[PDB]
């Protein structure tokens, strides 16, 4: 029956500045990734909402994740300060051990690069197993994807200006 929340903090740098990165990784992620990283993600669609806060999206994952869905709940967007927060509410790692996973992502200017500050909140249930390796994975995973994006924009500077 026991509820809890485990909360983890992570950072990535990028040479791409916030406002470009933001448009690519947040605002256009849904079409972009599927185009440049099919193994990551096949497609993404709005199930519910108006696209703003409170929208839910079914995201169709790629082979990397045995073609499994997740549903994302948009918790907030601030297009000015480059903040985005969304919770995974169904899908891959959302079992019994763990019931929602929530992210706040904050892009910070840093020398015409960015630092991507990421807070994740694993909403637990029952006993709490959290392995230094389960965290390293999920972290590598996210960074793998920012790297795909960063390198994509470096090779396509015509995009997201």
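Numbering follows the first chain given and starts at 1.
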Checklist entry - With respect to the recorded C-alpha B factors, which stretch has the higher mean value, 136-144 or 16-24? => result 136-144
Next on the checklist: Can you tell me whether 151-159 has a higher mean C-alpha B factor than 4-12 in this record, or the other way round?
Outcome noted: 4-12
Item to check | Chain-wide C-alpha B factor ranking for residue 85, given as lowest, middle or highest third | outcome: lowest
Next on the checklist: Can you tell me whether residue 34 has a C-alpha B-factor in the lowest, middle or highest third compared with the other modelled residues of the same chain?
Outcome noted: middle
Next on the checklist: Split into thirds by Cα B-factor across the chain's modelled residues, where does residue 125 land: lowest, middle or highest?
Outcome noted: highest
Next on the checklist: Considering every modelled residue of the chain and its Cα B-factor in the PDB entry, is residue 41 in the lowest, middle or highest third?
Outcome noted: lowest
Checklist entry - What third of the chain, by the recorded C-alpha B-factor, contains residue 117? => result lowest
